[PDB]
Amino acid sequence: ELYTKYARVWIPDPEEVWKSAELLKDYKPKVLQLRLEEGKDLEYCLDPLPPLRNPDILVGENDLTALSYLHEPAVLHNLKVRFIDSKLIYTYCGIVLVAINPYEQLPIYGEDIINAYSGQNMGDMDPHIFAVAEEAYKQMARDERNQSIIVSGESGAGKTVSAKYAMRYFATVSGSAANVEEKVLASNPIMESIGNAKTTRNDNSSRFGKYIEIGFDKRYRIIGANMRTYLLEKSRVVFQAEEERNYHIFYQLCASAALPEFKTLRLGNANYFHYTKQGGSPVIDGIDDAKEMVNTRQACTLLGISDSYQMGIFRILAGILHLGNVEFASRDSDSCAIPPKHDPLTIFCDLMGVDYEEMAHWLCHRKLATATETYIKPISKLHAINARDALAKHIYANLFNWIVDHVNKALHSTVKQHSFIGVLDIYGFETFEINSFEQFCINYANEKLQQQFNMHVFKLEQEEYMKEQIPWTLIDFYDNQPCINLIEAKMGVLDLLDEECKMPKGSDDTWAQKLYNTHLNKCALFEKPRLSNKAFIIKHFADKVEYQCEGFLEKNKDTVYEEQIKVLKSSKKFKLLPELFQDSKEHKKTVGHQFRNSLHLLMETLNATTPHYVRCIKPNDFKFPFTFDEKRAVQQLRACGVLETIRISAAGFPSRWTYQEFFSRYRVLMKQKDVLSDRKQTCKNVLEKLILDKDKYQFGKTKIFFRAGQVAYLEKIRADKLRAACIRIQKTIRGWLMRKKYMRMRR
Amino acid sequence: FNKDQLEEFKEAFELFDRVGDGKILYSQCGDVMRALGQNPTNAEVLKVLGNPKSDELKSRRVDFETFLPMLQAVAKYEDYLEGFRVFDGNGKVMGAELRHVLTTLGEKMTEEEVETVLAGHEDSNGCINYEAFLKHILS
Amino acid sequence: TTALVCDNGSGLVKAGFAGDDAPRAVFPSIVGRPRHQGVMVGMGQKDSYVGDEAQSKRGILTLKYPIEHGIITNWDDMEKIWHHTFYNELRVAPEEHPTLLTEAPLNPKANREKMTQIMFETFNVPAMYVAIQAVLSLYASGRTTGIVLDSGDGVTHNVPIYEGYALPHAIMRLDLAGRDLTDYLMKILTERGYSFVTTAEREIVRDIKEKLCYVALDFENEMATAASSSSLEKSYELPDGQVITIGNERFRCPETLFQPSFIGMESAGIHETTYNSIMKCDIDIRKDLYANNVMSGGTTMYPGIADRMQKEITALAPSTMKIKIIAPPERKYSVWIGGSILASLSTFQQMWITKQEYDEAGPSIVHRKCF
Amino acid sequence: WXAXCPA
Ligand SMILES: Nc1ncnc2c1ncn2[C@@H]1O[C@H](COP(=O)(O)OP(=O)(O)O)[C@@H](O)[C@H]1O
Ligand SMILES: [Mg+2]
């Protein structure tokens, strides 16, 4: 131990998640006396320790790896001071850039700073987005591997602006003349409208992950961009929990149903359709979808989508909306039928132009065939409902991929692409009071993306130690692969969830039962909540998360009867519809399996590349600018995964100092009249005298490494020596002057 | 201590008696001890004083007979040089740095006291020969 | 890594990749052999033909079914059937894919072990399983509680399954099949003065049985009715062009499933054996078996068999305990489909008998690991 | 079979 009146410690508090205390009596081995700096004194109890605070010179430093003690409170303080008083919004946490949004503009983005950042290493300058951007740009210039930037957080945090400026950097440093930036920023409203939705905790959340590749010629002029998408939340189309919404574009239609252009779509209000009504929350307050539709049309015009296509899109979406209303009456356990003249089917068949009797037949029977003969077999009402909802999800997913294909059409450019830099916009970790297959997928994707980040930082440190000739072994590679193996692999949760989708009868109860039977005793990371047999808990990279089974078997299942595709494929009333289906197992594959494969394609895209990382954080819910709540900020910092990045760093050698600056700062402690005649061997002698155990420090060619907290220990012994000598001087001069004043008394 | 020392010390003590009761204040006790050749810290002075409370430190008066055990207790160069060499290596010390440390760390003195003792010992560059200043202040 | 499923009938082989909708290869389980001297030197003769290859030439050949009543016989011909199934018709080597096989409930215990021995030793199959057909019929039907009447060529059996338990003591095996219905249709057709002696026209009689036969909702009035009026007579064109005409006979043949006595069989008919199989269950479940009652396999395909079944077993049911008969039209394939879905289950992947395990335990491994 | 019947 070392604990003394001079030190400080962090006490917990429910309202500022830590508070600072003056330690008022030196500890010795059960209670501590702690004065408090809002003017209070307390006594505090040590259980069968409070985290010690860094010395004040260290705090506020530009890179959190400088900090000798690494803690949630220390980190949160170092971010809070930089945001609130220095008004610096960017920090380095390792390789990671943490970014915190002002909810404002700032000067910082001006061109002269763009020039200033040119020609320097990322550590040679204070952190800013351009310092990442140029580290990518120069790596692309110097070395053949082209580069990626990755941006994470809740959708509010500002990932958009963080991309906007990365693009603005690339164009300006390239010296290129040009639309592409204005085009990319003009694409965002359609990508939101199709691909973004109201979640319980957030009014807009990006529910897919968006990759924009900026490409270059061999003189690194920007030649163009292209757009890719992954991980789309197909299940949201047909299903929502309470007070959610599905994708905004449906509500933008419903807010426009009275305009004469859409009269043929016969839309109701947002409570009329089974997909919209189910959420129980038609309107986002303060956000008007009705006007935003006009901005979406604007974006379509700026991307050259003809008005004929735009009307086709809105009529296909009205298609899906009407389709969701068609209703089935049971005739027997294994038969249902649509009633005669059924009204929403009649409207759907108008909108698609399809022959009413063929949709009416195929929605109520499945085809079964063999090379010799074929059968038409009726199906249950349940299966007809699942078929309808699968057809909706397949139509939507192909519409999305087609709109993205026109965005690429607009953004592509003919020149042969030498190389590219990829800006990835993706959702961070998600957690709620009721959380469902949507969260289970989001959190699996985050587990893989975090594994990739671990792979990369572990590599970069085994590079750095080999430059400094340190043995390999000391860096502990932390490894979250056992959780991925729990989720992904053949016994794992997603597989058994697809397996019960087919097993002759399958249910949320029987699925949970098969989970518990397989995992519960067997596994480190899987746990059961005491009260319930209908929930499970994953010990998960950020947190424990409880998931509840009742949603999953409905949400999991997509299967599309080829005959319904082969009917819609036939229509000629308008030519978009057969375009959607231009080029199987895919019709059988469940949503979770499609998601697994999409995530593989994403990870193989990123693993072909050298990443750079960003994190965007939201200080507060209220959008009060330059205000910062420890309670909210900690939750963001956990979701961003900065806190486990730091807990992984604390295991290693956080602190790295040159022999020259060490010799400078501790010349005070060094017994200069005694000290040896050269910097490296003398400072090695000094530190060997000051600290016994070579385990605690390591000698590079140029830099000395220390484990966590020992820089504080040094700063304390420095303060002790300095002040003790100071006292000696003070009393000597005081005694001198009092002698003189006595001599005045004698006078 | 012999009778002669006690007589000289009592006479000096009486020069510090500003009330005529044959006593000094506790806050003067340190002054008398240092005038008599001791160099105790203020912490050491309070310890030999018995860690007095503010009220008796500022107004309680003690005669020579009570002071004497305290003087005894207090009574019972190379470190000083190394202490100055902390802030040095051309044998000089900045006046600004010595002023800051003497007025802000340890048992802080006033800026006027430091100016008085430092007057005439620093040159135009603002450097103090600390070996000479130390010999001067120890005489 | 998709498995294979081939349902070894007594009349057809049905095979395909696991997880397909319905099988790719369906061909008759016949080996054909020539019975004549070939005149033309350089004809390009070859010794034996399999399935559609034999059936296309059958007038030149004689045809043996290597399977009687689910019991594999003359096994070198069976080995030829399997070799043709994997190599020619699937075109896929068995050493790459695990394989699933189907069997009647009660049959000579050695037969499984020899079949396994062939599968590992001849083909080096990675892993193998065998499943009771009337289990797979419920996987196919999407039901966990069931009683299943399953009949094709070779065999008929009832199996009750309640919530994924089979009830072995209740399993009734009955040996009527489309083979004995065919031999009866031959003998009785001779009553109208037509003769069919050899294997090559047996398949003509079988094709008649498939198209024309149907089951009477009540037999005993309609027997007199067809003798009283000819509107129930219908006619069919043989190979080699001569037309024949068949009347009351066409119902009289499949009626023998309900009247086994006509063939000279001692047993109860399928309805009464179904009833006795339910009666052997405990009364807690009999209502639930009565309702969820499923037909399986090709012999069931005669028109009206379901309404005849419902009518006749109603007469044994206590009228409160209502009943229903689930005859899906696929059901000729259902035993295959249930194996296709079964082999795709993740949980099943544990169940495979691997080559490593057979190396440990020898052919006796089947009964030890398997059902 | 092996006894009671021809197979
Ligand atoms: N449409 C049909 N009508 C009447 N009988 C049929 C029909 N299709 C097939 N069969 C008869 O079904 C029998 C084969 O049944 P199947 O279930 O395939 O046996 P296995 O599966 O054991 O080979 C044959 O005797 C065939 O004549
Ligand atoms: Mg069969």
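As stated in the entry header, the method of structure determination is cryo-EM and the reported resolution is 3.6 Å.

Undergrad: Now, about the overall build of chain B: what can you tell me, with residues and values included?
TA: For chain B, the helix and strand inventory stands at 9 helices and 2 strands. Overall, chain B shows an N-to-C arrangement of helices and strands of α-β-α-α-α-β-α-α-α-α-α. Dimensions of chain B, computed from C-alpha atoms along their principal axes, come out at roughly 50 × 35 × 25 Å.

Undergrad: How would you explain the overall build of chain C if you had to name every residue and give the values?
TA: Each helix and strand in chain C was counted, giving 14 helices and 19 strands. The C-alpha radius of gyration computed for chain C amounts to 22 Å, which stays within 12% of the reference 21 Å derived for 371 residues, consistent with globular compactness. Referenced to the eigenvectors of the C-alpha coordinate spread, the extents of chain C come out at roughly 70 × 65 × 35 Å. Considering only contacts within chain C whose residues lie at least 6 apart along the sequence, 69% involve residues at least 24 apart. Counting only carbon and sulfur atoms, one obtains 51% of the accessible surface of chain C, whose full area is about 16,400 Å². Across chain C, the centroid of the 37 positively charged side chains sits 1 Å from that of the 46 negatively charged ones.

Undergrad: Describe in detail the interface of chain A and chain C, supporting the description with residues and values.
TA: Taken together, the contacts link 18 residues of chain A with 22 residues of chain C. With both chains or domains summed, chain A and chain C bury close to 1,800 Å², and 57% of this area falls on carbon and sulfur atoms. In terms of surface lost to chain C, no three residues of chain A exceed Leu368, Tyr375 and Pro504 of chain A, which account for 29% of the buried area on that side. Our count for the contact surface shared by chain A and chain C stands at 1 salt bridge. Measuring nitrogen to oxygen at the nearest pair gives 2.8 Å for the salt bridge that ties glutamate 330 of chain C to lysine 377 of chain A. Across the contact surface, chain A and chain C share 7 residue pairs in polar contact.

Undergrad: Give a detailed account of the environment of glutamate 358 of chain A, specifying residues and quantitative values.
TA: All names here are of chain A. Mapped onto the elements, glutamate 358 comes out in helix 11 (residues 356-362). Residue class for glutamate 358 comes out partly exposed when judged on its relative accessible area of 38%. For the pair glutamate 358 and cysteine 254, spaced 104 residues apart in sequence, the C-alpha separation works out to 28 Å.

Undergrad: Explain the arrangement of the chains to me, using residue names and the numbers behind them.
TA: With 3 pairs of chains in contact overall, the contact-richest pair is chains A and B. These two, chain B and chain C, are apart from each other, with no contact and a minimum C-alpha gap of 73 Å. The two units chain B and chain D never meet; even their closest C-alpha atoms stay 108 Å apart.

Undergrad: Explain the domain arrangement of chain B to me, using residue names and the numbers behind them.
TA: Residues and elements named next belong to chain B. Domain annotation for chain B reports domain 1 (2-77) and domain 2 (78-137). Using only C-alpha atoms to locate each centre, domain 1 and domain 2 end up separated by 28 Å. Facing 4 residues of domain 1, the contacting portion of domain 2 comprises 7 residues. Classifying every residue of the side of domain 1 that touches domain 2 gives 2 nonpolar, 2 polar and no charged.

Undergrad: I'd like to hear about the packing of aromatic side chains, residue by residue, with values.
TA: All names here are of chain A. Using the criterion set out here, one finds 45 aromatic pairs over all chains in the structure. Arranged with centres 5.0 Å apart and planes meeting at 85°, the rings of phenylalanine 429 and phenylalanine 541 form a pair that is edge-to-face. With a gap of 112 residues between them, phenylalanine 429 in the loop between strand 16 (419-425) and helix 13 (437-467) and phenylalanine 541 in the loop between strand 18 (535-539) and strand 19 (544-548) connect regions that are remote in the sequence. You'll find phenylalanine 429 and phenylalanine 541 in the same group, each marked buried. Measuring from centroid to centroid gives 5.5 Å for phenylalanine 536 and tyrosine 547, while their planes differ by 35°, and the two rings are tilted. Residue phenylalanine 536 is found in strand 18, and its partner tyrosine 547 is found in strand 19; the two are separated by 11 residues along the sequence.

Undergrad: Got a sec to walk through the environment of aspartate 479 of chain A? Specific residues and values, please.
TA: All names here are of chain A. Structurally, the position occupied by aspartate 479 is in the loop between helix 13 and helix 14 (481-488). Owing to a relative accessible area of 43%, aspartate 479 belongs among the partly exposed residues under this scheme. Note: C-alpha distance between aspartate 479 and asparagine 454 (25 residues apart in sequence) is 8.0 Å.

Undergrad: Give a description of the interface of chain B and chain A that names residues and reports values.
TA: The interface is formed by 31 residues belonging to chain B together with 24 residues belonging to chain A. For the side of chain B that touches chain A, the elements supplying multiple residues, two or more each, are helix 1 (3-15), helix 2 (26-35), helix 6 (78-85), helix 7 (95-104), helix 8 (111-118) and helix 9 (130-138) of chain B. Class assignment of the residues belonging to the side of chain B that touches chain A gives a composition of 18 nonpolar, 7 polar and 6 charged.

Undergrad: A description of the nonpolar core should follow, citing residues and the corresponding values.
TA: By size, the foremost hydrophobic cluster in this structure holds 181 residues, and its most contacted members are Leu231, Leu345, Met359, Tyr396, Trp511, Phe536 and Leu568 of chain A. When sequence neighbours within four positions are dropped, the list of residues in contact with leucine 568 of chain A reads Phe348, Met352, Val354, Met359, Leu391, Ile395, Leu577 and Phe581 of chain A. Core analysis: the next-biggest nonpolar cluster, separate from the first, contains 48 residues, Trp75, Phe86, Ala131 and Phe348 of chain C among them.

Undergrad: Can you lay out the domain arrangement of chain C for me, pointing to particular residues and giving the numbers?
TA: Under the domain assignment, chain C is made up of domain 1 (1-27 + 69-134 + 334-367), domain 2 (28-68), domain 3 (135-181 + 271-333) and domain 4 (182-270). Computed over C-alpha atoms only, the centres of domain 2 of chain C and domain 3 of chain C are separated by 38 Å.

Undergrad: Account for the site of ligand 1, naming residues and giving values.
TA: Residues and elements named next belong to chain C. In the vicinity of ligand 1, 17 residues are found, and the nearest of them are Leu12, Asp153, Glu210, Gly298 and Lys332. Between ligand 1 and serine 10 there is a distance of 3.3 Å, counted from an oxygen atom to a backbone nitrogen or oxygen. Going through the elements one at a time, strand 2 (12-17) and helix 6 (199-212) are the ones with two or more residues in the shell around ligand 1. Counting residues per element, the shell around ligand 1 draws most heavily on helix 6, at 3 residues.

Rules behind the numbers
Residues numbered from 1 in each chain as written, not as in the entry; some residues may be left out. Chains lettered and ligands numbered in written order. Heavy atoms only, no water. Residues with missing side-chain atoms left out of burial classes, pairs and counts. Helix = DSSP H or I, 4+ residues; strand = E, 2+ residues; numbered from the N terminus. Rg over C-alpha atoms; globule rule 2.2 N^0.38 Å. Contact = heavy atoms within 4.5 Å. Areas by Shrake-Rupley, 256 points an atom, 1.4 Å probe, with all protein chains shown as cover. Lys, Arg positive; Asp, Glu negative; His and termini not counted. Charge placed at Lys NZ, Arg CZ, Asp CG, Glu CD. Buried area = accessible area lost by both parts, 1.4 Å probe. Salt bridge = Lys/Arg side-chain N within 4 Å of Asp/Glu carboxyl O. Polar contact = N/O pair within 3.5 Å; in protein donor to acceptor, adjacent residues only side chain to side chain. Buried < 20%, exposed > 50% of the residue type's maximum accessible area, 1.4 Å probe, protein only. Domains from an automatic or database assignment. Nonpolar A, V, L, I, M, F, W, Y, C, P; charged D, E, K, R; others polar. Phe/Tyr/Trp six-rings, centres within 6.5 Å; stacked < 30°, edge-to-face > 60°. Core = buried A, V, L, I, M, F, W, Y, C linked by side-chain atoms within 4.5 Å. Near = heavy atom within 4 Å.

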